[PDB]
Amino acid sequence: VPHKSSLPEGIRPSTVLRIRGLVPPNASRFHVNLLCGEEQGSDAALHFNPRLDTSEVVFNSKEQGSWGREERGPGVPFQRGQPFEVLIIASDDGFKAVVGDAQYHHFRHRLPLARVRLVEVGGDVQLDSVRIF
């Protein structure tokens, strides 16, 4: 079952989102979104989208209904049927995505961090824990 939780005060630099779970053996894609929260179909400071089906991990933002320029991570550090741990570390300059034991990609901010009011984790993924530190 997905995760959706409010960050009504916003997230500050040095906020750490730790997500642990398992990629199902038949997974296509899942996502981690940091959103405006006002509703859904609204602005995304971070859309982190591992796609097992097309063998890519896409990063993007969305403002006023329009996607920005996609960034892609190096390789796919996820595997169908295998557990994973992701850290998303909010800094002053961007989001550091850590998967497993290594920094995976650094996504510089497009929206101010103060615009993040909701965390959503969904799609083809089984969640063990979503913690905000």
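Residue numbers here begin at 1 and follow the sequence given.
Colleague: Comparing 102-110 with 35-43, which stretch shows the greater average C-alpha B-factor in the deposited entry?
Modeller: The stretch with the larger mean CA B-factor is 35-43.
Colleague: With reference to the PDB entry, specify whether the mean Cα temperature factor is higher for 21-29 or for 8-16.
Modeller: Comparing averages over the C-alpha atoms only gives 8-16.
Colleague: When the modelled residues of the chain are sorted by Cα temperature factor, does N49 land in the lowest, middle or highest third?
Modeller: It falls in the bottom third of the chain.
Colleague: Quick check for you: using the entry's CA B-factors within this chain, is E70 in the lowest, middle or highest third?
Modeller: Ranked within chain, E70 CA B lands in the lowest tercile.
Colleague: Taking the chain's C-alpha temperature factors as the reference, tell me which third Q64 falls into: lowest, middle or highest.
Modeller: Tercile = highest for this residue's CA B-factor.
Colleague: Ranking every modelled residue in this chain by its Cα temperature factor as given in the entry, which third contains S55?
Modeller: Its C-alpha B-factor, which the entry lists for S55, ranks in the highest third among residues of this chain.
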